């Protein structure tokens, strides 16, 4: 049978699958207080993409289409196009366009546009509030609060490039909320075709998150962003499409220098990782370490307690 494997990449060599920035560290902690149901960075070890997960790390949280001004303000509405600038098909059995942001927050970036007639271009600071009723990606439209008006033509391809997140008012780090999904259709209807929610079932285990720090653009935003799988694991499983001979793949985080194993963890075929530990812990790892697939085990396997 086609042998299953995980890429030979260190945490630092990989990318966050929920925002286009690199991974930074490994974090584990209880998650019973939240609803862990991210839509980006979801894929079976089998290579089956779930939720809004697509293959490009650079296309996460980006939007394309044309815009129309909202006279009397600095806001604009973007009628979404498919990532390759074609018509957007709402009919697809997906929660929203692949790559759409999967958390409630205010993403700040820039809108860039080119007038097809003369090669005339322009850019403007922009922010998208995914919790806004006007955040309707699934219906094909999103709204941005801009730094201007006047300069942004209609019927012209416009792109939004994400940079980071902002935060307002007291009660610091109150937003964004990485674990609260936005309403892809807004008020028009509930979310559909979602990747299931995730939770560690086996006693004594906690989810292992692949963490990054989204850049802050204003205020005191909660910049922690945890994904369940590095973007290159998604890309790799999709390429390999190796059959799961069990529902849990045993992985060992090894140090290529000392040649020794630091800890071991469970890679669930559904596409998420758990470790044996209780409490919030920032994993201390040798920069050159990487994950290695050792073997398929049953779901009743008890992992050696993580460091």
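Numbering follows the first chain given and starts at 1.
Undergrad: Per the record, averaged over C-alpha atoms, which has the higher B-factor: 194 to 202 or 148 to 156?
TA: Per the deposited B-factors, the answer is 148 to 156.
Undergrad: Which wins on mean Cα temperature factor, 10 to 18 or 284 to 292?
TA: Comparing 10 to 18 with 284 to 292, the higher mean C-alpha B-factor belongs to 284 to 292.
Undergrad: Would you mind finding, among 278, 59, 44, 37, the residue with the largest C-alpha temperature factor in the entry?
TA: Of the options given, 278 has the highest CA B-factor in the PDB entry.
Undergrad: If you compare 136, 212, 231, 114, which has the highest Cα B-factor in the entry?
TA: So the option with the highest C-alpha B-factor is 114.
Undergrad: Is the Cα B-factor recorded for residue 51 in the lowest, middle or highest third of its chain?
TA: It falls in the bottom third of the chain.
Undergrad: Relative to the other modelled residues of the same chain, rank the CA B-factor of residue 268 and answer lowest, middle or highest third.
TA: Within its chain, residue 268 is a lowest-third residue by C-alpha B-factor, going by the deposited values.
Undergrad: Considering only modelled residues of the same chain, in which third does the CA B-factor of residue 161 rank: lowest, middle or highest?
TA: For residue 161, the deposited C-alpha B-factor lands in the lowest third.
Undergrad: Sorting by Cα B-factor within the chain, modelled residues only, which third would residue 73 end up in: lowest, middle or highest?
TA: Within its chain, residue 73 is a highest-third residue by C-alpha B-factor, going by the deposited values.
Undergrad: Among the modelled residues of this chain, does the Cα B factor of residue 82 put it in the lowest, middle or highest third?
TA: CA B-factor rank for residue 82: middle third.
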